[PDB]
Protein chains: 2
Amino acid sequence: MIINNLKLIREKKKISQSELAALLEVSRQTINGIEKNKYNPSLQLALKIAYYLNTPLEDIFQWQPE
Amino acid sequence: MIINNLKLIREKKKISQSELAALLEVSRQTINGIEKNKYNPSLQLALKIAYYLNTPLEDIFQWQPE
């Protein structure tokens, strides 16, 4: 479903969990938790992740049938 | 936060709450529930909502500093 493949993008740019999380102003554990199973980020926060991370939602959040 | 002011966009094109929800493959209850206050949509689903709705997430989910 969500897949939360943000980390792949993060490692893609060699991104650290701390930096974008710093950019997001949210806990690093949460951000690196989301890729695992942590409650999905709020839509604007997702926009922020995309906007600050500089990547479209689709790439960071994989598209699935569901 | 999210605001979920999708409704306004949905009314804006005279979109049926039912129709996109069907496109999304989710209940109107949920889709029209989210705009009211129901749990925020799955991020991937959100992509789909904008995708079927044909409008950016930000329009439906406006930006709030937090």
# chains A, B, ... in the order shown; residues from 1 in each chain; ligands from 1
call {"tool": "residues_around", "arguments": {"residues": "residue 15 (chain A)", "least_positions_apart": "6", "cutoff": "9 Å", "atoms": "only C-alpha atoms", "output": "list in words"}}
result
residues 7, 9 and 53 of chain A
call {"tool": "residues_around", "arguments": {"residues": "residue 4 (chain B)", "least_positions_apart": "2", "cutoff": "8 Å", "atoms": "only C-alpha atoms", "output": "list in words"}}
result
residues 2, 6, 7, 34, 35, 36, 37, 40, 60, 61 and 62 of chain B
call {"tool": "write_last_selection", "arguments": {"atoms": "C-alpha atoms", "output": "PDB file, in the first residue's frame"}}
result
ATOM      1  CA  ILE B   2      -4.671  18.982   6.724  1.00  0.00           C
ATOM      2  CA  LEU B   6     -11.451  18.522  -0.467  1.00  0.00           C
ATOM      3  CA  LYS B   7     -15.188  19.080  -0.364  1.00  0.00           C
ATOM      4  CA  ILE B  34     -12.419  12.774   5.817  1.00  0.00           C
ATOM      5  CA  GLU B  35     -13.517  16.191   4.692  1.00  0.00           C
ATOM      6  CA  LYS B  36     -15.823  16.291   7.706  1.00  0.00           C
ATOM      7  CA  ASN B  37     -13.167  14.957  10.153  1.00  0.00           C
ATOM      8  CA  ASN B  40      -6.806  11.371   7.122  1.00  0.00           C
ATOM      9  CA  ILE B  60      -7.342  19.701  -1.205  1.00  0.00           C
ATOM     10  CA  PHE B  61      -4.905  19.649   1.705  1.00  0.00           C
ATOM     11  CA  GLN B  62      -3.831  23.255   2.126  1.00  0.00           C
TER      12      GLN B  62
END
call {"tool": "interface_residues", "arguments": {"of": "chain A", "to": "chain B", "cutoff": "12 Å", "atoms": "only C-alpha atoms", "output": "PyMOL selection string"}}
result
chain A and resi 1-6+24-26+34+39-48+50-51+56-66
call {"tool": "write_last_selection", "arguments": {"atoms": "N, CA, C and O atoms", "output": "short mmCIF file (atom, residue, chain, number, x, y, z; two decimals), in the first residue's frame"}}
result
data_model
loop_
_atom_site.label_atom_id
_atom_site.label_comp_id
_atom_site.auth_asym_id
_atom_site.auth_seq_id
_atom_site.Cartn_x
_atom_site.Cartn_y
_atom_site.Cartn_z
N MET A 1 0.86 -1.22 0.00
CA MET A 1 0.00 0.00 0.00
C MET A 1 0.88 1.25 0.00
O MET A 1 1.29 1.74 -1.05
N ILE A 2 1.15 1.78 1.18
CA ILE A 2 1.97 2.97 1.31
C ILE A 2 3.42 2.68 0.93
O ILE A 2 4.10 3.52 0.33
N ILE A 3 3.92 1.53 1.38
CA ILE A 3 5.30 1.12 1.15
C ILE A 3 6.28 2.01 1.94
O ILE A 3 7.23 1.51 2.54
N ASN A 4 6.01 3.31 1.98
CA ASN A 4 6.84 4.24 2.75
C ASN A 4 8.30 4.16 2.33
O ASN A 4 9.21 4.29 3.15
N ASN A 5 8.52 3.96 1.05
CA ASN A 5 9.86 3.83 0.49
C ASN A 5 10.59 5.18 0.45
O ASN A 5 11.43 5.41 -0.42
N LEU A 6 10.35 6.01 1.46
CA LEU A 6 11.02 7.31 1.57
C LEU A 6 12.52 7.12 1.71
O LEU A 6 13.32 7.84 1.10
N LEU A 24 11.84 19.09 8.54
CA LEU A 24 10.43 18.82 8.82
C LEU A 24 10.04 19.33 10.19
O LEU A 24 8.86 19.50 10.48
N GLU A 25 11.03 19.44 11.06
CA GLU A 25 10.80 19.79 12.46
C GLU A 25 10.03 18.69 13.17
O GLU A 25 9.15 18.95 14.00
N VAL A 26 10.38 17.45 12.86
CA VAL A 26 9.76 16.29 13.49
C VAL A 26 10.84 15.32 13.96
O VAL A 26 11.99 15.40 13.51
N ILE A 34 8.62 5.78 10.01
CA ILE A 34 7.57 5.77 8.98
C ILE A 34 7.92 4.80 7.87
O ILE A 34 7.06 4.03 7.41
N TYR A 39 3.19 5.58 12.00
CA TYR A 39 2.04 6.29 11.45
C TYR A 39 2.46 7.24 10.35
O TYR A 39 3.40 8.02 10.50
N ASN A 40 1.80 7.13 9.21
CA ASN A 40 2.14 7.94 8.06
C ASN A 40 2.14 9.42 8.40
O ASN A 40 1.30 9.88 9.17
N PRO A 41 3.03 10.17 7.82
CA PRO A 41 3.13 11.63 8.07
C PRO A 41 1.89 12.36 7.56
O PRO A 41 1.27 11.93 6.58
N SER A 42 1.54 13.45 8.22
CA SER A 42 0.39 14.23 7.82
C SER A 42 0.56 14.70 6.39
O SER A 42 1.69 14.80 5.89
N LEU A 43 -0.54 14.92 5.68
CA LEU A 43 -0.47 15.21 4.26
C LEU A 43 0.38 16.42 3.98
O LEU A 43 1.27 16.37 3.14
N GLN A 44 0.20 17.48 4.74
CA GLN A 44 1.06 18.62 4.56
C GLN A 44 2.48 18.27 4.93
O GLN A 44 3.43 18.67 4.27
N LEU A 45 2.63 17.50 5.99
CA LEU A 45 3.95 17.09 6.41
C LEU A 45 4.57 16.28 5.28
O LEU A 45 5.69 16.54 4.86
N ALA A 46 3.76 15.42 4.66
CA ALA A 46 4.18 14.69 3.48
C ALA A 46 4.58 15.67 2.37
O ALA A 46 5.62 15.50 1.73
N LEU A 47 3.80 16.74 2.23
CA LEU A 47 4.13 17.79 1.27
C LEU A 47 5.46 18.40 1.67
O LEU A 47 6.33 18.62 0.83
N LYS A 48 5.62 18.62 2.96
CA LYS A 48 6.86 19.16 3.48
C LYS A 48 8.01 18.21 3.22
O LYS A 48 9.10 18.64 2.81
N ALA A 50 8.19 15.99 0.87
CA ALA A 50 8.42 16.11 -0.56
C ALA A 50 9.08 17.44 -0.89
O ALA A 50 10.07 17.49 -1.64
N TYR A 51 8.50 18.51 -0.37
CA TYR A 51 8.97 19.85 -0.67
C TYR A 51 10.40 20.09 -0.18
O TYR A 51 11.26 20.49 -0.96
N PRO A 56 9.01 14.16 -5.39
CA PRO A 56 7.53 13.96 -5.49
C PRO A 56 7.05 12.85 -4.57
O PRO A 56 7.82 11.95 -4.22
N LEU A 57 5.79 12.93 -4.16
CA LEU A 57 5.24 11.97 -3.22
C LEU A 57 5.31 10.57 -3.79
O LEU A 57 5.60 9.62 -3.07
N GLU A 58 5.03 10.46 -5.07
CA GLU A 58 5.00 9.16 -5.73
C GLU A 58 6.32 8.43 -5.55
O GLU A 58 6.34 7.20 -5.42
N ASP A 59 7.43 9.15 -5.65
CA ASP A 59 8.73 8.50 -5.55
C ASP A 59 8.98 8.04 -4.13
O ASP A 59 9.35 6.89 -3.90
N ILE A 60 8.75 8.94 -3.19
CA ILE A 60 8.95 8.66 -1.78
C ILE A 60 7.90 7.69 -1.25
O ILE A 60 8.24 6.72 -0.56
N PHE A 61 6.66 7.89 -1.66
CA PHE A 61 5.60 6.96 -1.34
C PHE A 61 5.17 6.23 -2.59
O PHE A 61 4.59 6.83 -3.50
N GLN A 62 5.49 4.96 -2.66
CA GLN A 62 5.21 4.16 -3.83
C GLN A 62 3.72 4.07 -4.12
O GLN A 62 2.91 3.97 -3.20
N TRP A 63 3.39 3.99 -5.40
CA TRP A 63 2.02 3.78 -5.82
C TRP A 63 1.72 2.29 -5.85
O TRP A 63 2.52 1.50 -6.39
N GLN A 64 0.60 1.91 -5.29
CA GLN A 64 0.17 0.52 -5.27
C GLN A 64 -1.26 0.42 -5.81
O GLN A 64 -1.95 1.43 -5.95
N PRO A 65 -1.73 -0.77 -6.09
CA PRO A 65 -3.13 -0.97 -6.54
C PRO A 65 -4.11 -0.37 -5.53
O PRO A 65 -5.16 0.15 -5.90
N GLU A 66 -3.77 -0.48 -4.26
CA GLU A 66 -4.63 -0.01 -3.19
C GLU A 66 -4.18 1.38 -2.70
O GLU A 66 -4.65 2.35 -3.24
#
call {"tool": "residues_around", "arguments": {"residues": "residue 16 (chain B)", "least_positions_apart": "2", "cutoff": "12 Å", "atoms": "only C-alpha atoms", "output": "PDB file with N, CA and C atoms, in the first residue's frame"}}
result
ATOM      1  N   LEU B   6     -11.227  19.187   0.822  1.00  0.00           N
ATOM      2  CA  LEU B   6     -11.451  18.522  -0.467  1.00  0.00           C
ATOM      3  C   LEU B   6     -12.838  18.857  -0.981  1.00  0.00           C
ATOM      4  N   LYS B   7     -13.785  18.802  -0.075  1.00  0.00           N
ATOM      5  CA  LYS B   7     -15.188  19.080  -0.364  1.00  0.00           C
ATOM      6  C   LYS B   7     -15.308  20.272  -1.277  1.00  0.00           C
ATOM      7  N   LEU B   8     -14.643  21.356  -0.909  1.00  0.00           N
ATOM      8  CA  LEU B   8     -14.743  22.590  -1.660  1.00  0.00           C
ATOM      9  C   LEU B   8     -14.273  22.368  -3.085  1.00  0.00           C
ATOM     10  N   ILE B   9     -13.169  21.675  -3.226  1.00  0.00           N
ATOM     11  CA  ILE B   9     -12.687  21.295  -4.532  1.00  0.00           C
ATOM     12  C   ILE B   9     -13.682  20.352  -5.193  1.00  0.00           C
ATOM     13  N   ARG B  10     -14.185  19.411  -4.421  1.00  0.00           N
ATOM     14  CA  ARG B  10     -15.150  18.466  -4.937  1.00  0.00           C
ATOM     15  C   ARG B  10     -16.415  19.196  -5.439  1.00  0.00           C
ATOM     16  N   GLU B  11     -16.944  20.135  -4.644  1.00  0.00           N
ATOM     17  CA  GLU B  11     -18.114  20.908  -5.092  1.00  0.00           C
ATOM     18  C   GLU B  11     -17.729  21.791  -6.265  1.00  0.00           C
ATOM     19  N   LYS B  12     -16.497  22.258  -6.238  1.00  0.00           N
ATOM     20  CA  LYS B  12     -15.999  23.215  -7.207  1.00  0.00           C
ATOM     21  C   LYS B  12     -16.190  22.711  -8.635  1.00  0.00           C
ATOM     22  N   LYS B  13     -15.852  21.450  -8.890  1.00  0.00           N
ATOM     23  CA  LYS B  13     -16.061  20.894 -10.237  1.00  0.00           C
ATOM     24  C   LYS B  13     -17.409  20.189 -10.283  1.00  0.00           C
ATOM     25  N   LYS B  14     -18.218  20.404  -9.245  1.00  0.00           N
ATOM     26  CA  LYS B  14     -19.465  19.666  -9.078  1.00  0.00           C
ATOM     27  C   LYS B  14     -19.169  18.179  -9.061  1.00  0.00           C
ATOM     28  N   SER B  18     -19.251  10.615  -4.150  1.00  0.00           N
ATOM     29  CA  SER B  18     -19.371   9.210  -4.465  1.00  0.00           C
ATOM     30  C   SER B  18     -18.427   8.793  -5.600  1.00  0.00           C
ATOM     31  N   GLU B  19     -18.339   9.633  -6.645  1.00  0.00           N
ATOM     32  CA  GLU B  19     -17.636   9.232  -7.864  1.00  0.00           C
ATOM     33  C   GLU B  19     -16.136   9.044  -7.670  1.00  0.00           C
ATOM     34  N   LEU B  20     -15.443  10.068  -7.178  1.00  0.00           N
ATOM     35  CA  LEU B  20     -14.007   9.915  -6.978  1.00  0.00           C
ATOM     36  C   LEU B  20     -13.720   8.809  -5.990  1.00  0.00           C
ATOM     37  N   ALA B  21     -14.538   8.721  -4.962  1.00  0.00           N
ATOM     38  CA  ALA B  21     -14.406   7.664  -3.977  1.00  0.00           C
ATOM     39  C   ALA B  21     -14.446   6.305  -4.655  1.00  0.00           C
ATOM     40  N   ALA B  22     -15.336   6.161  -5.629  1.00  0.00           N
ATOM     41  CA  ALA B  22     -15.398   4.940  -6.407  1.00  0.00           C
ATOM     42  C   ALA B  22     -14.122   4.785  -7.209  1.00  0.00           C
ATOM     43  N   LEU B  23     -13.627   5.899  -7.743  1.00  0.00           N
ATOM     44  CA  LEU B  23     -12.379   5.886  -8.496  1.00  0.00           C
ATOM     45  C   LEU B  23     -11.253   5.487  -7.562  1.00  0.00           C
ATOM     46  N   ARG B  28     -17.699   6.547   0.000  1.00  0.00           N
ATOM     47  CA  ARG B  28     -17.988   7.962   0.143  1.00  0.00           C
ATOM     48  C   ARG B  28     -17.992   8.318   1.608  1.00  0.00           C
ATOM     49  N   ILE B  31     -14.604   9.024   2.304  1.00  0.00           N
ATOM     50  CA  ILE B  31     -14.115  10.185   1.576  1.00  0.00           C
ATOM     51  C   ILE B  31     -14.815  11.459   2.020  1.00  0.00           C
ATOM     52  N   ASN B  32     -16.124  11.397   2.163  1.00  0.00           N
ATOM     53  CA  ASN B  32     -16.862  12.557   2.635  1.00  0.00           C
ATOM     54  C   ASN B  32     -16.731  12.668   4.143  1.00  0.00           C
ATOM     55  N   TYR B  52      -7.278  11.367  -9.348  1.00  0.00           N
ATOM     56  CA  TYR B  52      -8.627  11.284  -9.913  1.00  0.00           C
ATOM     57  C   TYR B  52      -9.322  12.621  -9.891  1.00  0.00           C
ATOM     58  N   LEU B  53      -9.154  13.335  -8.799  1.00  0.00           N
ATOM     59  CA  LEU B  53      -9.767  14.636  -8.649  1.00  0.00           C
ATOM     60  C   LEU B  53      -9.204  15.575  -9.707  1.00  0.00           C
TER      61      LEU B  53
END
